[PDB]
Structure formats: structure tokens, C-alpha cells
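Take a look at the structure set out below.
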Number of protein chains: 2
Amino acid sequence: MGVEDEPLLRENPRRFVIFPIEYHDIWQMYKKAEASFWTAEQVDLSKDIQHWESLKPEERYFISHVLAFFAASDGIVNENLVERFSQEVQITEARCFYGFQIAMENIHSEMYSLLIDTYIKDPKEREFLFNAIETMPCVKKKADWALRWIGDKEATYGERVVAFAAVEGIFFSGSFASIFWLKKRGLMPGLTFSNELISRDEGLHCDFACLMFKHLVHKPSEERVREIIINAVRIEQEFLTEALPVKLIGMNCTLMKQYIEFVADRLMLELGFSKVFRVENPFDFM
Amino acid sequence: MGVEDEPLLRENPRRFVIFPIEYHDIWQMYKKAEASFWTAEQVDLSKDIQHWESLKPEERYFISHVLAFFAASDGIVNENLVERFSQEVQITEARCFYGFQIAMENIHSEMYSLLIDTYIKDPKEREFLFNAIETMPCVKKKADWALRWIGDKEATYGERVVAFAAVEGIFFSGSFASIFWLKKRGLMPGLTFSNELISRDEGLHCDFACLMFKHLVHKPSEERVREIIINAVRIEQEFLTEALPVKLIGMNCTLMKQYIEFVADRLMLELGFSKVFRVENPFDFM
Ligand SMILES: [Fe+3]
Ligand SMILES: [Fe+3]
Ligand SMILES: [Mg+2]
Ligand SMILES: [Mg+2]
């Protein structure tokens with residue numbers, strides 16, 4: 001207590017023995033992840049350049065910045081997995097999932113950097129984008145938020161898994177929606193296809209967070225989860241309307257705000273709680 | 001002094017930023033690991049049972065004990081990567097390699113456990129084999145040796161990388177050769193095919209170890225490495241001639257002893273050192 005009372009977190013002397021499977025729900029999530037393995041090299045980028053050059057300058061600006069934000073945020077997610085989640089969780093089934101998630105984050109990061117390298121030849125612009133955590137004010141709020149949760153020496157796994165579900169599910173939702181908006185406009189097949197793989201993968205990662213949360217005996221209160229989630233929505237809404245505005249690609253900022261709230265509601269429910277915002281999904285393409 | 005002198009181990013604020021790649025040799029090994037991804041589901045075991053039943057009882061004893069040894073050892077390798085190597089190495093390229101190695105070790109353990117479950121239906125025998133670390137004296141020597149290197153608070157990364165190259169390269173070499181002997185004999189295509197995949201991967205994991213060792217500034221002495229490698233050799237030789245004799249599957253115990261020495265020599269050369277034993281490879285099928 002609290003930890004020796006937690007089956008996910010307590011001493012498992014069989015942690016590195018794989019069989020037999022005890023947690024079938026957790027294990028099938030791992031098999032799902034494993035069965036959808038893909039590499040950056042599988043994405044065909046050979047038709048993207050022509051589409052990229054035809055875009056308006058501010059569209060290229062928005063897209064390059066979303067790419068830089070994704071590439072940077074993956075490393076933070078990865079950091080948390082490597083230093084915290086994969087270490088503290090003791091059941092084999094989740095250890096397998098988290099090990100495969102780490103591998104997939106590296107692939108996601110590579111994919112985003114390949115996209116950057118393909119669209120942007122200027123080495124100074126590349127470096128600017130690769131070092132977005134330092135060079136880009138817009139990503140700072142999100143990046144710092146996620147990083148606080150890694151160094152938080154007091155917050156429970158229950159709270160931290162919620163926080164990273166908000167990272168992978170809320171902090172990414174506006175940017176995913178943006179790339180899907182571009183698909184509606186028939187632009188950049190490489191970008192839009194890779195976007196389908198990564199958002200699927202990220203959805204699975206949030207699904208897994210909720211599954212872990214469910215197996216906790218001592219969950220944080222609804223009030224506590226509410227304040228993490230709302231806080232995250234606010235940061236995301238600001239990111240998308242002020243810091244890096246979605247009108248740069250022709251999107252309605254007001255509907256985007258509503259969508260972030262739809263997303264957070266779906267996550268709240270998946271976590272076994274009640275909706276916070278009670279709004280519908282404005283986007284038919286999501 | 002002590003470690004801010006080591007490019008592989010010193011502070012890297014770009015640790016979780018993927019691009020640009022700067023250690024191209026290290027990165028190419030990761031791309032090689034990634035390109036050879038496979039899963040247990042790809043290996044067809046349906047044509048092995050008839051061969052399995054045709055064997056002498058001491059052959060089934062041998063194989064199931066080899067399988068149990070491999071499953072147990074994988075989790076120790078895995079533990080080391082999760083708790084030590086993937087944490088302490090700071091270059092992005094190696095962290096990507098090690099992260100992918102962890103995922104592959106989990107696929108290795110699953111493969112071995114699936115082989116056990118497929119060949120052995122008796123629930124009590126399965127549990128005896130899965131708990132090989134506690135239940136099987138033949139594996140104790142190897143398990144404790146490897147485990148000591150994880151617990152060793154004072155040995156350098158340079159020593160430990162060698163120690164785990166000995167684990168994946170020497171402790172596994174006799175068993176891999178055993179399965180290749182079964183291939184020569186035309187027995188159990190599922191086992192022998194999975195064995196091709198896994199020994200290849202383990203070979204790569206050893207190559208990677210030598211690559212990291214090479215990139216160290218403060219290497220251990222040739223004398224000190226000889227000591228680790230010679231020790232590993234004798235443990236493996238005892239394993240295969242006394243604890244679980246390869247005679248049980250028709251192999252010559254003296255030629256096997258020689259094979260281990262040849263493997264160790266190859267590793268010593270790969271580490272930038274001199275041969276120790278100067279013996280030829282007795283096995284034409286290796
Ligand atoms: Fe993710
Ligand atoms: Fe290995
Ligand atoms: Mg277990
Ligand atoms: Mg880096």
C-alpha cells in the first residue's frame with residue numbers, strides 16, 4: 001500500500017518470464033500493436049513535392065510547424081516510457097506493450113523527420129524545425145506540460161497515465177484533424193497516408209492508457225482527472241487558435257475548439273468518467 | 001572523468017530528438033534490425049509434431065530444455081537492456097537500436113514459449129520449463145552469471161557490453177548449433193526456421209555490442225576481456241557437455257567444446273583483440 005496493493009505496480013518475480021499470459025485484455029492490445037507494425041520506408045513520398053510547391057506559403061508554414069511539433073512531442077512521450085512507464089509497471093503484458101510503443105515512437109519520429117527532410121531542403125530551416133522545443137514558442141506550452149509530468153516525483157502512475165493519454169490524445173488531436181482536413185482538399189498523399197498510420201497508432205496508445213487506468217485499484221478522483229483534462233484542452237485550444245492558427249489552412253477556429261472538447265469528452269468516458277463539455281463532433285471527416 | 005569523457009555516455013540534450021543522424025554506422029545497424037522485423041505468427045509449426053513424436057525421449061528432453069534455457073535467458077538480456085543499456089547510453093542512434101532490440105527479445109521469448117506450448121501439452125511440464133531459472137540446475141550457472149552483471153554497481157559499461165556479448169554470443173552458441181544439427185538431420189522445420197531468424201538477430205545484437213565497444217574511449221584491457229570471455233566459454237562448455245550433454249541429440253561433445261572456443265575467438269577479434277584458443281570451426285553447417 002499503495003503500491004503492494006496494486007497488481008500493475010507490485011513485485012512480479014515472473015516479470016521477465018513471458019508465458020503464461022494472465023492479462024488477456026492487456027496482451028491482446030500488445031498483439032494488436034505488433035500486428036500493425038510499419039516502417040517509415042513503406043510510405044511513398046515521391047508525389048508529395050509537386051503538391052508541396054503548389055501550396056500557399058502560409059500552408060507550408062503551418063504544415064512544417066505541425067511536423068516539427070509532432071517530431072518533438074514524440075521524444076517526450078518516448079522519454080516518459082523509457083524512464084518511467086516501462087520501468088514502474090511490473091506485469092509482463094504491459095511491459096511488452098510499452099516496449100513496442102517505444103519502438104513505434106522512434107518510427108513515428110523518424111517519419112516526421114523524413115517528411116521535414118523531403119519538403120524542406122534548406123539546412124537552417126531543418127535545424128530550426130528539429131530543435132522546436134527550443135526554437136518554437138508555440139510548442140513550449142505543450143512540451144513543458146508533458147515534461148513536468150515526467151519529473152513529477154509525487155504524482156501517482158494513475159495521474160501520470162492520464163496525463164500522457166492527454167498528451168497522445170488531446171495535444172495531438174488538433175494537429176491530426178488538420179492533416180485530415182488537408183486530405184479532404186486532396187493534398188500530399190505521403191503526408192496524409194502517414195497521418196492515418198500515426199493517428200491510428202496514437203489512438204491505440206490512448207486506448208492502452210485507459211486499459212491500464214481501469215486495472216488500477218487506487219484511481220485518482222473524477223475531480224482530479226477533470227482538472228488535468230480541462231487544463232490540457234485549454235493548452236491545445238490555444239495552440240490551435242493563437243500560437244499556430246488553423247485558419248492558415250482554411251479551417252474554422254471555432255469548430256476546431258469544439259472538436260478538442262469532443263475528443264476530451266470521449267477520453268473522459270473511456271476512462272470511466274462523465275463528459276465535461278457535452279458537445280458533438282463538428283468534423284464529419286473525423 | 002568519470003564519464004563526461006565518453007561520447008556514448010555523456011549528456012546529450014538532443015537525446016530524444018531523432019534527426020539529424022550523426023553516428024551513421026550505429027544508425028545503419030538499427031535500420032538493419034528494423035528491416036528484418038518478424039513475428040512468431042509468421043513461423044509455421046504445424047509440420048513439426050510428427051517429427052517430434054519420432055524422436056527418442058532423451059532428444060525431446062534435450063530440445064525442451066534448450067527451449068526453456070533460451071526463454072529464460074531472453075528475459076535476462078531484456079532486463080539488462082530495459083534497466084541498464086537503454087538508460088545509460090545517450091546517443092539517439094543506439095537508444096533506437098536498443099529499443100528495437102527490447103521488442104525483438106520479447107518476440108524471441110514468445111517464439112520460444114510457443115514452441116514449448118506446441119510440443120508440450122502437459123500443464124505441469126510447461127510450468128516446469130517456463131520457470132527454468134528456479135527449476136533447472138543446468139541453466140543456473142548461466143542465469144546467475146548474466147544476472148550478476150546487471151546487479152554489478154561498479155563494472156563499466158565497457159565491461160558489461162562485453163559480458164552481454166558473451167551472453168548472446170557464447171551462452172547461446174552451443175544451443176543454436178544444436179538446432180542447426182537438427183536441421184542437418186531434416187527434423188522439425190518450424191523449430192529450425194525460427195532458429196535461423198533468432199540466431200541471425202542474436203548475431204546482429206553481438207555485432208552491435210562490438211560496435212559500441214569500439215566507440216568507447218576507456219576500453220577495458222585485453223587481459224580483462226580475455227578473463228570475461230574465457231570464463232563464459234567454460235560455463236558454456238560445462239553446460240553442453242555435463243549439465244545438458246549434446247550427446248543426447250547425437251552430437252560429439254569434444255567437437256562442440258571446440259566450436260565454443262572458435263566462437264569466442266571470433267568475438268575477441270570482433271572486439272579488436274587477439275585470438276585466445278586458435279582452433280578451427282569443427283562444424284561445416286555453421
Ligand atoms: Fe504514441
Ligand atoms: Fe539478443
Ligand atoms: Mg510473466
Ligand atoms: Mg538526437
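Here, A, B, ... name the chains of the C-alpha cells in the order displayed, residue numbers run from 1 inside each chain, and ligands are numbered from 1 in the same displayed order.
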Shell around residue 264 (chain B) at 12 Å using only C-alpha atoms, local window under 2 positions removed, as a PyMOL selection string: chain B and resi 162-163+165-174+206+225-234+236-237+257-262+266-271+273-281
Shell around region 89-102 of chain B at 6 Å using only C-alpha atoms, local window under 5 positions removed, as a PyMOL selection string: (chain A and resi 103) or (chain B and resi 8-9+12+15+26-27+30+78)
Go ahead and save the picked residues with C-alpha atoms, as a PDB file, in the first residue's frame.
ATOM      1  CA  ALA A 103       9.865   1.272 -30.840  1.00  0.00           C
TER       2      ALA A 103
ATOM      3  CA  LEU B   8      28.266   7.395 -25.873  1.00  0.00           C
ATOM      4  CA  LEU B   9      27.610   8.062 -22.180  1.00  0.00           C
ATOM      5  CA  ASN B  12      23.142  14.692 -24.777  1.00  0.00           C
ATOM      6  CA  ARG B  15      18.937  12.604 -26.901  1.00  0.00           C
ATOM      7  CA  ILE B  26      25.319   2.918 -35.368  1.00  0.00           C
ATOM      8  CA  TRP B  27      22.187   4.050 -37.216  1.00  0.00           C
ATOM      9  CA  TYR B  30      19.301  -0.066 -36.342  1.00  0.00           C
ATOM     10  CA  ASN B  78      15.788  -7.967 -21.825  1.00  0.00           C
TER      11      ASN B  78
END
Proximal residues of chain B relative to chain A (only C-alpha atoms; 7 Å) as number ranges by chain: B: 16-19, 72, 75, 79, 96, 99-100, 102-103, 106, 109-110, 113, 130
Expected file contents, prior selection, C-alpha atoms, as a tab-separated table (two decimals), in the first residue's frame:
chain	number	residue	atom	x	y	z
B	16	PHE	CA	15.22	12.38	-27.76
B	17	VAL	CA	15.50	14.39	-30.98
B	18	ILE	CA	15.86	11.91	-33.80
B	19	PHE	CA	17.49	13.95	-36.62
B	72	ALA	CA	14.68	-17.73	-19.51
B	75	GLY	CA	14.29	-12.19	-20.16
B	79	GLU	CA	16.06	-6.91	-18.16
B	96	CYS	CA	16.85	3.42	-31.14
B	99	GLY	CA	14.65	-0.02	-28.05
B	100	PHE	CA	14.14	-2.19	-31.09
B	102	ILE	CA	13.93	-5.00	-26.50
B	103	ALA	CA	10.93	-5.51	-28.80
B	106	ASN	CA	10.00	-10.11	-26.46
B	109	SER	CA	10.65	-15.13	-25.79
B	110	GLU	CA	7.22	-15.55	-27.32
B	113	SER	CA	7.22	-20.19	-25.40
B	130	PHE	CA	8.81	-21.68	-18.02
Polymer residues at most 12 Å from residue 195 (chain A), only C-alpha atoms, same-chain spacing of 3 or more positions, as JSON, numbers by chain: {"A": [40, 43, 66, 67, 70, 108, 111, 112, 115, 172, 173, 175, 176, 177, 178, 179, 180, 181, 182, 183, 188, 189, 190, 191, 192, 198, 199, 200, 201, 202, 203]}
Close residues, residue 253 (chain B) itself excluded, 8 Å, only C-alpha atoms, min 4 positions apart in chain, as an MDAnalysis selection string: chainID B and resid 240:241 245:247 257
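Our summary of the geometry notes that CA of residue 48 (chain B) is positioned 11.1 Å from CA of residue 193 (chain B).
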Separation of atom 1 (Mg, counted along the ligand's line) of ligand 4 from CA of residue 2 (chain B) in Å: 22.4 Å
Residue with smallest distance to residue 210 (chain B) - pool B:65, B:160, B:153, B:84, counting only C-alpha atoms: B:160
Two-atom distance - CA of residue 155 (chain A), CA of residue 239 (chain A) (Å): 25.4 Å
